[PDB]
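Below are the structure tokens for one structure; questions will follow.
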């Protein structure tokens, strides 16, 4: 299983494009093996709408399209079990 | 200190068998119809 | 006097034995419909078709031969 | 009948809805006795009402206004009087003792008054742990008791509407001491939840008389030529019950532990080192949850007050249905403009023998505390207009046996305790509103 | 499941649900399932445009439900704790 | 291997899981990771992904670094966007095509 | 009087009705090694039906109280009957106060 | 696990089925499955225009069934 | 999923697959992320409608956020 | 007279040229050599036949299971 790579990483800023096309940008509080991701101090940008910030927010797993990870992560070591 | 005990089923069965001379064989409590405590209190009160 | 219920899997199994031509609809493609002989299926009822022709709203038949129709799309199974 | 377990049945629900209550040291709880005389004789003498919220097999919550009646022969007043403001009868029969004289009398009087009957076969655990019958003989005993009850029903009316049989969901097998009360449907659902998707009703309707299950064809036969199969009820219900009781009793900690682990029932290690009877109670309360079978049977086979308004009006009410009051009774209107009609069939002592509570069923309309009502006696009529008494209403309570819930107002279809109107009422009475159309009739 | 328990609680009342189409349904719920398949009666169907039609008996499959408007007085329904093995939220008296 | 019955316990489920990437259709991602080959990935929103695949999931949840991403759409104008690292949910994958490095 | 028994009715729709699962406790037997002795103990006098207690003192166990709490055996001499009655009287006075 | 849908009261009755994409089919229900896969006989299909074309014996996938409706009082 | 519990009795706005937004007090949730909201308002497109007690499907839900904190010694010698 | 089930149909077809059809109108041609239990398939030297016209060559292809509509030839 590779979702474990998601919870091995925690508490860092990440940009997310959701399933509806909207883009969110913030640091994760915790992500779930079932792909429920929790976000805090984020940047909510609805498609065709003016961006709005919110303090905390959570995504359902089906709505994640992809991630934008930072470049300060030990990717090689983080991939080991 | 001997303040609580816990016995198995074989041990309790053995103790029940060994002391069988000195326990009742009623298990019904209807045997004591007019010969139970409250009947005695009533009889004492009524002097019968 | 009552009529016995027939589950759909046995219905498709019966169709398989009788070799009855079928007219298969699709999940969202309203106008495209497929027809042919049914040749095999599984618990997920992936349909294995024979003489599969892609009939359209204007009967634009196109021969597809023996094809496997993934179960996710079949909306309706017609008996002839 | 006497000591057949009808108060233990209500204790079973009370234990679940009231977490603070705990079993006593040396006897049964016998909640809803609440009389020092009854606690002395260890038997019910008065019919104490009890209103509480219980949960259905699927999760729906109902408001059961159950009235607990005595089982002694002499106290049938307390059975007939509350039965006139109730929609059905829940008959508790001890399987060991069987149908007795008071059970026969209750059945006759209930069918005579067109009351649906739900049968509870209590004290099932005595068949396993006390009488020690084999599972097949136990099934025969249960079937014989049900047949005797049906005979007593047929002696009054051979109608097929009044018939009790487990396949109709009308009979509950219970052991209120150990704490379970299931039906055929409660085990069919208990199996289904564990083992996947099969319709509960189709499975449950095949778990009664001499329908035989063949373990190799996995099909329900009809005769089971020679000894190929065994009775479905015994195969699926009685034998697992016997094995559960015996695993708990026979001091097999590891086997029981593994089996309950398969059911996701996890016990602390000190719990296996318990007295046999509390261990049975714990196992049965974890295995069988809330007694939802009884609740489901009662909800399905006893009409709601709105559904039962027509029958109540036709049987009890003696006036004309075509009047305004009669129409108000049939629709069971809750609006304030409706006439207030209540039937009082009981009076209850306060915690000190000073004043009485009138036990009434609000048939129609609304009642608020301080409302002006006129009380009609047992023989008030057009000839006798002198039995009416004008009275106020001081306090309105919802009975809960050991306490009361005070409500500012009560609505139609409710059983409430009325305070302030007791002086003119001997036996029964009818309470209507003063500002009302002429010609008030009594029940 | 507490949400399914509340849906079962609704049975017998008038609940409004809208399906993936967008049409809203006004009727009396008479049955409900763990899948949330629903049976309704005396339904007044309001289509997405706003046209009002009427249905008598329906069996709505649960996979196509968006949400339901439960009657207000069900906000006080009790939320029982559910153990691991239990499949229905009910008052508990055993260990857990 | 001779266990596609689909009624398996954990050990044999894991065995088939590894065998599937050993020889099945998903095997291409294995030697794509090992050989570090260019792969073009298309999502269901008509977006193009070219990158190295550092790791992949059995659900095809792939982590991608050095992505070359172009999307097209006024008059049809093609635009690109380069992201250093991304995690891709396998749900949105329509296709992957490997570009051999040699 | 039922036109068709509920049994024949239940079977006659889908006589090929099938359920694959076995009853809950199938590998076990309704009687184990110690079941008979356990049932015997279940209905025993007070000390012997517990398996867990609190170790009373030595002198707090009477051991013959039930002998005279019950009725006197018949054909006993006068002095024995009087002894039974007097011990019962002392016990009654103890319980009353 | 799964659960059998409650449809015994709808067996052998004139029933009306709504499919996805504004489809509409008549028929008398003859069976059902765990996934609500149904079976219809002597059914009739409606189009958007409304002309009724007899459609025959029908085995609809449950995934496409939106509602199942009966008309009797 | 212990964090999911911490949002009970809070006030939440839920953006849905349709595109609407529901604001209300969370009463109970589910493994499939079925949400039960009390005193729920509908944010269409913004127009306000009182909804009441609302049960959301799991699929309908896209994301959720909280707008409000949860509502609300012996002696000596 | 011999019914061939889907999985036997595909494994008895390994290495043969087929035309797969997607849900959304694209059909691909090529040779397949690997299909697993979930019926997502891999192709070799495949090309993309949009509208039935040969535009570009793709080579080896991994197709996810759901995205196909049918498989034939």
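By letter and in written order, the chains are A, B, C, D, E, F, G, H, I and J; residue numbering begins at 1 in each of them.
The rule is short, and it goes like this: a residue touches a chain if its C-beta (ideal position, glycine included) is under 8 Å from a C-beta of that chain, and two chains touch if they have at least 3 such contacts.
Chain identities (UniProt): C = Small nuclear ribonucleoprotein E; E = Small nuclear ribonucleoprotein Sm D3; F = Small nuclear ribonucleoprotein Sm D2; H = Small nuclear ribonucleoprotein G; J = Small nuclear ribonucleoprotein F.
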Contact-graph separation of chain A and chain F, given in steps at minimum: 1
Per-chain CA centroid nearest to the all-protein CA mean: E
Pair exhibiting more inter-chain C-beta contacts, C-J or B-D: C-J
Whole-Å separation of chain centres (CA-atom averages), chain G against chain J: 74
Chain G and chain I, separation of their C-alpha mean positions in angstrom: 55
Distance from chain H to chain E - Cα centre to Cα centre, in angstrom: 22
Euclidean distance of C-alpha centroids - chain C vs chain H, Å: 17
Residues of chain A whose C-beta touches two or more other chains: 62
Residue list for chain H, restricted to those that touch at least two other chains: 3, 6, 63
Sequence positions of chain I contacting 2 or more other chains: none
List of chain D residues in touch with chain B within their complex: 250-251, 273
Of all residues in chain C, those that touch chain J in their complex: 16, 34, 39-42, 46, 48, 52, 64-70, 72-73
Footprint of chain J on chain F - complex, ascending: 4, 6, 16, 20, 23-29, 60, 90, 93-98
Chain F-touching residues of chain A, taken from the complex the two chains share: 1-3, 5-6, 21, 35, 62, 64-71, 73, 75, 79
In the complex, chain D residues that touch chain G: 129-130, 132, 135, 158, 160, 165, 167, 191, 194-196, 198, 202-203, 205-206, 208-211, 215, 218-220, 222, 235-236, 239-240, 242-244, 246-247, 249-252, 255, 259, 263, 273-277
